[PDB]
Asker: 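To start, I am sharing the structure in question, which I have written as structure tokens.
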There are 4 protein chains.
Amino acid sequence: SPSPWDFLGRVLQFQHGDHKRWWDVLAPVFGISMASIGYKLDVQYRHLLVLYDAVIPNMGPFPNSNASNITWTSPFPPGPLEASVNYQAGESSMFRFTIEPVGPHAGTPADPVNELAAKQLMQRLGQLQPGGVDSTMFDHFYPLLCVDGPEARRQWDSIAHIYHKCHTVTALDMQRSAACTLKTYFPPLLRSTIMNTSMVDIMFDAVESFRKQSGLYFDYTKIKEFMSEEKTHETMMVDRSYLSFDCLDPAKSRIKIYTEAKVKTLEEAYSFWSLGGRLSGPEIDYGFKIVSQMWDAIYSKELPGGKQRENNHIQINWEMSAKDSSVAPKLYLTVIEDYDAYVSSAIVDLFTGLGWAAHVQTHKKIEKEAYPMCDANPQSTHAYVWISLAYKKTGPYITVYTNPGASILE
Amino acid sequence: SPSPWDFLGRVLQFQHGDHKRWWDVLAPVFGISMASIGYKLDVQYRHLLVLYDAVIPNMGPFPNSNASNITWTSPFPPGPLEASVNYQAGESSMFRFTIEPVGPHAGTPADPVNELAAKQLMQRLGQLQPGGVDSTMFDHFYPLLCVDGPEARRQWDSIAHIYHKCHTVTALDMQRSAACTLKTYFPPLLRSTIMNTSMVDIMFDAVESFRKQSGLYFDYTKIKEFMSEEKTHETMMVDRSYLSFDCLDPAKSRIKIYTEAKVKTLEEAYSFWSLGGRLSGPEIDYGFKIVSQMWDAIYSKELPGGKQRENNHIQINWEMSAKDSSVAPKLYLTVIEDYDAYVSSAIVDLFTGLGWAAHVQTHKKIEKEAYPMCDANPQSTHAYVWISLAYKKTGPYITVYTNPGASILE
Amino acid sequence: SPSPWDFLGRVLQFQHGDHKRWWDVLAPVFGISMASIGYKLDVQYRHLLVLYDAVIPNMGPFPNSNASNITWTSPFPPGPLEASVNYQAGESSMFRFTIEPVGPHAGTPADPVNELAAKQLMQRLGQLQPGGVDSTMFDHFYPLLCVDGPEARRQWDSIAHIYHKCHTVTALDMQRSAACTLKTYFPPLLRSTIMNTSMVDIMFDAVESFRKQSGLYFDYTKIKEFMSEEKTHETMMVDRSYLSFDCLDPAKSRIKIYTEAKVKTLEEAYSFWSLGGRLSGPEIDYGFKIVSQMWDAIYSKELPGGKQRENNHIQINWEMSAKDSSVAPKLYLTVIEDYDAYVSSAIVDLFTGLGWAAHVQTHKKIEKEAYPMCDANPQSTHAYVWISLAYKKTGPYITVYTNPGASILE
Amino acid sequence: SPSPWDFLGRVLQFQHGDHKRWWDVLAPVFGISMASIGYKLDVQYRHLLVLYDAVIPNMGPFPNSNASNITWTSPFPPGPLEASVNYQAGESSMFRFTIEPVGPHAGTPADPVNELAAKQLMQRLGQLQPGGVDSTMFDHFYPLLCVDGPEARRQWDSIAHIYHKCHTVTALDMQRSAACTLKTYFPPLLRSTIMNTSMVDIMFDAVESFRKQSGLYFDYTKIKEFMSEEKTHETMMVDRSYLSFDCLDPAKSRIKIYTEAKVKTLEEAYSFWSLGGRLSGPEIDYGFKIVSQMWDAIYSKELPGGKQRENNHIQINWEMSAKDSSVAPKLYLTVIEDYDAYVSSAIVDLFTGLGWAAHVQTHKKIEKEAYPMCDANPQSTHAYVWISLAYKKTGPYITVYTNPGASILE
Ligand SMILES: CC(C)[C@@H]1NC(=O)/C(=C/c2c[nH]cn2)NC1=O
Ligand SMILES: CC(C)[C@@H]1NC(=O)/C(=C/c2c[nH]cn2)NC1=O
Ligand SMILES: CC(C)[C@@H]1NC(=O)/C(=C/c2c[nH]cn2)NC1=O
Ligand SMILES: CC(C)[C@@H]1NC(=O)/C(=C/c2c[nH]cn2)NC1=O
Ligand SMILES: CC(C)=CCSP(=O)(O)OP(=O)(O)O
Ligand SMILES: CC(C)=CCSP(=O)(O)OP(=O)(O)O
Ligand SMILES: CC(C)=CCSP(=O)(O)OP(=O)(O)O
Ligand SMILES: CC(C)=CCSP(=O)(O)OP(=O)(O)O
């Protein structure tokens with residue numbers, strides 16, 4: 001019997017050819033990932049139909065021979081920034097994928113700031129699951145962190161120098177229950193540039209506004225104190241920081257503060273992991289043990305093409321709970337420019353150490369079926385992009401990000 | 001969680017508005033029928049996507065306020081001729097539905113004979129399940145029984161008087177396995193009219209051609225002998241007869257000869273059931289017991305609107321096996337112009353007598369959910385159209401046909 | 001040879017059935033109007049393709065039997081608020097039409113404020129004519145007068161009582177040169193309600209902001225003085241006022257302040273026409289002569305259905321020039337609930353008095369061909385909606401608005 | 001102002017991505033050709049909308065990187081076999097284009113013979129211009145010359161060895177009046193192969209059938225006599241012959257018999273031009289003078305890549321008139337594998353000799369704008385495919401065929 005993506009691509013009508021190309025590229029990947037996780041055929045159908053109706057129409061142009069049609073400049077290759085499978089204890093695995101919503105004419109004089117794509121995506125997604133998307137947090141943070149179209153157009157000279165004029169990124173957690181949780185990431189770089197204000201200060205002022213406007217405890221003291229220090233700024237690129245929240249009931253949602261850091265040593269990794277020792281506990285220690293393990297497993301190996309390793313690029317988030325003052329970190333090792341073989345082997349060794357044999361097989365299956373380049377090309381550099389590490393009191397929490405449009409790069 | 005047809009209508013893109021209207025009308029019905037049978041959500045998705053891609057684009061215009069857009073004249077209301085659920089022993093239930101493939105411009109000077117709709121439908125269906133549709137029998141019988149476009153256009157004056165210029169009807173058995181078996185019905189009335197030849201003779205000459213060209217035993221002696229008799233012609237409308245075959249491997253397919261008969265008594269029913277006593281056996285006797293039961297259960301009641309019952313309209317088929325000389329009948333009681341309440345009650349009493357309680361509940365559920373008019377309007381005349389009765393050696397075989405576009409008539 | 005709308009509807013593919021229905025209704029009307037004006041076939045093709053790509057996808061649902069699908073509440077019937085032909089001296093005639101951009105799911109929990117429709121329309125329109133749409137004025141006035149989605153959702157309780165939650169209306173002047181000038185109307189009623197601020201004050205503060213931010217003289221002293229008076233408020237509904245500007249180069253654009261007034265006498269008409277005598281000159285006098293002529297020609301006749309005339313509903317604008325302190329009025333007689341025969345006859349008598357015989361014939365032709373109900377039904381109340389009167393130094397300036405979806409009401 | 005194809009591609013919605021790609025390739029070419037001829041913008045719009053609705057959906061897959069999606073094998077590159085501009089005396093120029101209608105799944109088990117594409121194209125074309133397409137001749141010749149799907153499938157083993165299983169080709173004359181005359185070409189090679197019958201005999205038996213069935217004089221004596229001779233068969237490939245007729249009123253239509261011949265000398269050219277001297281007159285002499293001129297102008301030059309010229313590939317038709325016994329020839333010099341520069345220069349010298357300066361400029365303009373490769377690449381071999389020469393009593397009749405998808409080959 002045909003797999004859901006085969007049959008769907010055979011039947012589905014596509015409003016645009018770019019949607020058909022994006023489907024051909026991604027539906028195999030997303031469906032193979034869901035199927036290896038264990039999603040049910042009806043759930044695969046629902047989620048692939050979501051990807052067809054809400055998402056792909058908001059992926060933007062499909063890159064051609066020379067990528068002449070990609071008018072929306074970005075460091076990331078066109079398409080989903082990632083397609084990830086989270087792995088937790090108890091054979092828990094959830095498929096999720098992130099997209100920067102891009103319009104068909106973003107970057108051009110008609111949509112120079114790509115304002116409508118994310119809103120269209122959210123509208124479609126709420127129409128497909130009425131009641132699943134709550135815009136309370138989005139409605140509070142969109143004026144504070146994001147720059148609407150009119151503002152960006154009036155204040156263009158202030159942001160025209162910026163290469164990636166990103167203002168809102170959307171991730172869709174794709175639950176085994178066919179429910180899609182929308183997550184919104186706001187990089188306020190445009191906001192800071194227009195207002196000429198510290199990133200830290202505007203982000204945390206927005207969080208505090210939401211605190212007082214909602215009555216929810218989002219403890220941001222430690223994060224602000226650490227991120228304001230000068231030592232942190234030596235390594236921490238704050239121009240690359242962004243805020244995230246789940247588009248749910250604020251009492252059931254979260255606030256996460258992300259930032260980028262190019263560090264050289266594990267002590268700087270701990271600087272970003274524990275907020276200068278401010279955060280403490282057994283979970284911090286265990287998570288950093290796992291982080292050091294994967295550090296010396298991945299960044300120990302030689303870089304492709306005999307290029308020396310200047311420094312280890314990492315991202316980091318700190319997750320604030322609405323119920324409690326808890327701040328919990330999640331470290332993201334960037335492995336885009338590394339051997340997919342070494343990344344895969346490090347993941348496998350980590351899972352094997354954690355006793356996650358089923359996750360080992362799921363990961364190998366997803367790599368083999370959805371990412372054939374990894375085995376076909378020993379020198380592959382286009383599948384994995386990030387390895388997230390966290391240790392919740394449930395246990396380890398490791399997500400493995402992958403470029404779902406690696407077929408385009410190979 | 002939404003039902004497959006809700007979600008699909010929310011996501012699916014439709015090439016034409018008529019397809020959207022037909023979907024709104026039928027997908028509820030077809031999906032409720034499949035779901036009450038027990039089809040799996042993935043199977044419902046696949047079958048509704050088939051109905052979206054292959055079928056509905058070949059249903060023709062959707063009837064408007066005044067049915068001004070129905071340029072393809074037909075006795076049947078626009079849409080599927082039926083949407084049926086077969087009921088056999090052992091809680092066996094299969095959903096199937098019949099369509100006369102109509103084009104968007106059938107009946108107009110561009111498609112005055114509606115030649116391409118059925119071929120397009122078969123092409124799409126084979127593209128969606130390559131290897132499921134075998135055209136051996138279709139390729140043999142299409143020149144013999146059906147009239148292509150060029151012929152009909154050259155020989156128009158011979159057939160212009162005909163009201164329903166039907167030449168090929170397509171039924172889709174919708175298996176629980178997501179496989180759709182295509183069945184083709186050929187009314188050669190146009191063929192006979194152009195060639196000025198007996199219906200009986202051309203149909204059975206085609207069957208005999210196929211016999212000698214295939215080496216398969218399709219015993220048509222008894223059927224021909226009975227249908228040639230003059231007594232039969234007093235009741236039997238032969239202008240309304242047609243041939244059917246399953247579009248499968250001829251060694252795994254069948255040949256069925258249908259005809260219409262307006263009879264008054266059960267002895268004429270037996271005339272058509274047993275081919276003037278030529279067919280015999282316990283199955284014939286039991287099947288006719290069931291037929292007489294439903295005869296005196298349905299045609300005993302008074303007709304709606306105090307209109308007297310002139311005669312009992314029936315159809316009948318005789319099924320020839322490729323493996324054996326067997327001829328087996330299937331009698332179709334026409335109950336389109338009768339109280340849907342009385343038809344439903346007769347079905348329920350029949351099933352209860354057969355011990356088919358589960359089928360009783362399935363039938364009541366399908367009526368309540370997919371056909372609300374039956375309970376809302378005591379004087380309903382727009383749900384049921386046919387009751388097929390047969391007795392295979394497996395046991396009783398009762399199909400219950402229903403106008404799936406009854407929402408349009410009420 | 002077929003007319004452009006016939007052929008186009010025959011060839012064009014429509015993304016949705018509602019677009020096909022809207023086309024069937026409006027393309028005849030718009031095309032007949034353009035053709036009676038004298039637009040060239042290529043211009044008709046271009047403008048109807050604009051109406052197909054940019055507009056109709058932003059008209060919203062097509063009203064069904066019971067208008068159950070119109071989830072966006074509005075006093076106006078669904079569709080274009082008007083389809084107008086302006087008539088000036090020298091046989092100058094320009095086709096234009098106004099639309100309140102509505103989304104497919106406006107009024108529902110997904111788009112409770114209809115935020116994206118107007119922006120999508122402008123985006124498409126700029127993509128179709130890059131460089132024709134300038135958003136300087138839109139970018140300045142959108143935050144001041146319009147309420148974005150997040151704000152409206154946070155401040156819902158303040159505006160939930162409002163029936164027509166309109167915030168931006170788009171008119172497309174459809175030039176004989178195939179160029180479409182976009183005009184944006186901002187009713188800040190939601191803005192005033194959320195901020196609990198005077199309509200007059202916020203509108204004119206926005207205008208003054210634009211003055212100081214642009215260096216363009218938009219004299220709003222007389223308008224503000226008149227509209228602030230208490231006598232004016234006795235007749236003037238200020239809850240119904242709105243601002244308009246042409247989406248062009250601000251030095252080549254305009255600012256117009258509209259308001260609604262239910263007056264009884266011609267002295268109140270002059271109150272609104274001359275801003276309490278503040279505006280003066282020969283043009284004012286001549287324009288008011290024409291206004292009184294049409295007043296006593298139209299509002300003199302009896303209302304349909306023997307309903308007595310409580311008061312004469314009028315709208316009024318005052319047009320400020322970027323080049324000069326000029327304020328010029330345009331009075332809009334509302335004739336929606338009046339005999340289309342009497343309105344047509346008044347228009348004809350006016351044109352005949354002005355010597356506009358060619359416009360008389362153009363108007364009669366448009367009425368006969370695009371609005372057959374006017375002749376078919378003597379008691380017609382569904383074609384004309386407004387009669388605008390102005391007297392520029394060029395000469396008289398009379399626009400005649402018509403419900404282009406009158407086919408739906410009759 | 002944008003050109004019709006620019007604006008149309010900006011607005012039009014495309015049912016499939018292949019249609020969008022084909023549009024991007026061809027609409028520029030077709031529109032530039034029409035515009036250089038002098039077609040009016042409304043006519044360009046109508047004809048490009050025809051190419052969008054009827055044709056491109058019946059061009060088949062768009063060739064990808066490796067032409068893996070071209071499942072319908074053919075000697076010709078995918079797309080229109082040609083896009084031609086006929087040039088006659090008096091600055092008379094018409095654009096016409098030929099297409100072999102291919103389905104989206106032609107060559108696959110679903111449409112192994114590509115049966116529905118041509119019929120769909122004719123249906124759409126008649127729907128767009130009801131009364132323009134007359135199927136009398138098509139209805140007579142389709143059973144005689146063409147092989148339907150069922151026959152080809154039953155008789156597959158007889159034709160499976162054939163590489164190009166072509167059975168019907170459609171050309172659209174695109175008149176300056178926006179009317180599209182459909183022309184159907186029937187290569188009966190499949191018919192002859194299945195029936196194992198001479199091409200000559202079946203073609204001319206069909207023509208004679210039509211004669212007796214219509215009362216129209218189609219003199220085929222000379223053509224049959226010549227084509228039956230053995231000397232002709234030494235050069236004449238009869239496996240490559242085909243019949244053509246205009247899909248109009250038979251009394252206003254024509255019958256043309258085409259064949260392919262690989263000849264070496266001008267005396268063989270005259271053999272095919274005059275039917276072994278059977279045809280005579282001043283027109284024959286003048287036409288052959290022009291043919292010899294272009295022979296020694298084009299085939300005199302060296303072949304690209306230093307490949308020696310084995311023989312001169314030509315096609316030839318003989319046009320029979322329904323009104324008269326006239327047989328008139330049209331010789332087609334095949335110049336696909338020759339320098340587009342030399343072909344263009346020969347065309348220019350010919351036109352200059354004929355006094356057709358305006359045609360010279362039209363041809364150079366079409367080459368420069370629609371075929372930039374000719375000037376950009378001196379060694380171009382992908383623009384011109386045929387040069388037709390005829391001499392009607394009106395005067396010379398020279399058509400210049402060009403691969404409209406040359407952008408794909410370069
Ligand atoms: C796109 C960037 C401007 C910005 N920075 C990131 O690296 C990022 C990636 C990401 C991966 N999964 C979720 N978000 N998110 C952002 O918002
Ligand atoms: C449509 C008629 C011309 C013709 N006669 C019928 O009554 C018929 C109905 C049917 C119901 N289920 C399957 N076939 N089939 C036919 O071919
Ligand atoms: C409530 C709104 C519809 C608001 N009110 C109006 O009467 C109006 C109509 C209109 C006709 N032509 C142009 N505008 N414009 C608006 O913005
Ligand atoms: C496609 C071939 C099977 C066959 N042979 C040809 O060369 C031909 C080309 C053509 C150019 N313009 C019109 N016809 N036509 C045919 O039917
Ligand atoms: C890997 C990057 C840069 C972003 C991470 S977002 P996430 O997807 O890690 O969020 P969760 O906390 O896993 O929901
Ligand atoms: C009820 C009518 C008129 C047609 C019957 S066809 P069928 O659907 O009975 O065929 P099967 O023998 O059930 O496959
Ligand atoms: C008739 C109503 C209510 C609105 C008028 S807008 P307009 O269309 O009169 O604008 P112009 O000044 O004619 O451009
Ligand atoms: C040259 C190719 C091979 C076929 C020629 S068809 P045609 O376009 O020349 O037909 P006309 O006689 O020009 O109508």
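What's counted below: heavy atoms across the whole structure, side chains too, no hydrogens, waters or symmetry copies. To find a chain, count down the sequence lines: A is the first, B the second, and so on, and within it residues start at 1. Remember, it's 1-based here, ligands and their atoms both numbered in the order they're listed.
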Asker: Below 3.5 Å only, please: the N or O atoms of ligand 5 paired with protein N or O atoms, distance on each line.
Answerer:
from     : atom 1 : to        : atom 2 : distance (Å)
ligand 5 : 8 (O)  : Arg96(A)  : NH1    : 2.9
ligand 5 : 8 (O)  : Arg96(A)  : NH2    : 3.2
ligand 5 : 8 (O)  : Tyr185(A) : OH     : 3.4
ligand 5 : 8 (O)  : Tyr401(A) : OH     : 3.1
ligand 5 : 9 (O)  : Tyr332(A) : OH     : 2.7
ligand 5 : 9 (O)  : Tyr401(A) : OH     : 2.8
ligand 5 : 10 (O) : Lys256(A) : NZ     : 3.2
ligand 5 : 12 (O) : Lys330(A) : NZ     : 3.0
ligand 5 : 13 (O) : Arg96(A)  : NH2    : 3.1
ligand 5 : 13 (O) : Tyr397(A) : OH     : 3.0
ligand 5 : 14 (O) : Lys183(A) : NZ     : 3.1
ligand 5 : 14 (O) : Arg254(A) : NH2    : 3.0

Asker: Any protein N or O within less than 3.5 Å of an N or O in ligand 2? List each pair with its distance, or say none.
Answerer:
from     : atom 1 : to        : atom 2 : distance (Å)
ligand 2 : 7 (O)  : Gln315(B) : NE2    : 3.0
ligand 2 : 12 (N) : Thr98(B)  : OG1    : 3.3

Asker: Would a distance-only check, ignoring hydrogens and angles, find a side-chain to backbone donor-acceptor pair under 3.5 Å from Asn114(B) to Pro101(B)?
Answerer: yes
Asker: Classify the ring geometry of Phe76(A) against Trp386(A): parallel below 30°, tilted from 30° to 60°, perpendicular beyond 60°.
Answerer: tilted
Asker: How far does OG of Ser241(A) sit from CD1 of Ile257(A), to the nearest 0.5 angstrom?
Answerer: 8.5 Å
Asker: Show the atom names and distances, to 0.1 Å, of all donor-acceptor pairs under 3.5 Å that link a side chain in residues 326-333 of chain C to residues at least two apart or in another chain.
Answerer:
from      : atom 1 : to        : atom 2 : distance (Å)
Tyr332(C) : OH     : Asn317(C) : ND2    : 2.9

Asker: Can you tell me how far NZ of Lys262(A) sits from CG of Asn312(A), rounded to the nearest 0.5 angstrom?
Answerer: 11.0 Å
Asker: Who are the ring pair (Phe, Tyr, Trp, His ring centres under 6.0 Å) partners of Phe141(B), not counting sequence neighbours?
Answerer: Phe210(B), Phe245(B)
Asker: Considering all heavy atoms of both residues, which atom of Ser84(B) and which atom of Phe95(B) are nearest to each other, and what is their separation?
Answerer: O-CD1, 3.5 Å
Asker: Run the salt-bridge test on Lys183(C) and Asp246(C) with the 4.0 Å N-O cut-off and return the result as yes or no.
Answerer: no
Asker: So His164(B) and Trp72(B), would you call those rings parallel, tilted or perpendicular, with 30° and 60° as cut-offs?
Answerer: perpendicular
